[PDB]
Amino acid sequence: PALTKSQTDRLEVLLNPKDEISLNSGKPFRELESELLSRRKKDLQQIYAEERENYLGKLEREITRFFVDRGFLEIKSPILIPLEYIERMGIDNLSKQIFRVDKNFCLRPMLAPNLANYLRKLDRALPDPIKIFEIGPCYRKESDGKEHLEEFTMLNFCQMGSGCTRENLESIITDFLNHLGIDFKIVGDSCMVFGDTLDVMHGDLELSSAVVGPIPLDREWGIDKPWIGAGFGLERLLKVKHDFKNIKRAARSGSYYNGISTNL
């Protein structure tokens, strides 16, 4: 009844959180693999027959509706951005985590720079307060492990003008995570782009970093009003919602569809 590392890895790929199957049950590999293969095929067949929606896409749509309905403008900004945005976010040569493209471009590691540009520009046209959000891919070179991806999906919402207080920021975070049914706490932390943050924690998992401005970086971006904002990783939200052991189950991938192995 002794399984090799390769056999255990194959079974872990096929195991899903809802299964009440122990790989250490004492059953031989052939029977555990056959059982899990049958369950996962059934799971994919049910998805194909009924809903057909991708978890990341569906969560993006649900989040989009939530923020649009609360008065935030939906932004879709470039993923491929000037490398100069990095230096100007105060990221001195995190900078090592940047995927570079050609000589003067990079894949955005966060949504903040593009959203700062939109806050500044929209403040010339829209009534106070300015409320915007974006959901989309971001990129960082990571270690990684069970909680970091190199290609992940960020939500960042922000507001500039009136109402940009710690209590309003916390209230939006609370309403949002209550909508998703996710328990959390808020702890204070610091990072080097923004200074002090409010970190939104689910256990020992960071779901979001949030900031109450103004901060001295604002001048580099032409921001000259109070502001609040928060960034959330969608794959981390999915990891919590579906109780995935590893965040890769939630990622853009050819190896899992809605957390189900595609190697069947």
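Just count from 1 along the sequence shown to find any residue number.
According to the record, 1 to 3 deposited residues between residue 93 and residue 94 are left without atomic coordinates. Taking only CA atoms, the mean B-factor in the PDB entry is higher for 211 to 219 than for the other of 225 to 233 and 211 to 219. Of the two segments, 76 to 84 and 151 to 159, the one listed with the higher mean B-factor is 76 to 84 (C-alpha atoms only). In the deposited coordinates, the residue among 206, 53, 196, 43 with the greatest CA B-factor is 196. Set against one another, the Cα B-factors of 138, 130, 187, 180 in the record reach their highest point at 187. Residue-level temperature factors show residue 11 in the lowest third of its chain, judged at the C-alpha atom. Looking at the C-alpha B-factors along this chain, the one for residue 3 belongs to the middle third. The deposited CA B-factor of residue 123 belongs to the middle third of values across its chain.
Residue 134 sits in the lowest third of its chain by CA B factor, as recorded in the PDB entry. The deposited CA B-factor of residue 109 belongs to the lowest third of values across its chain.
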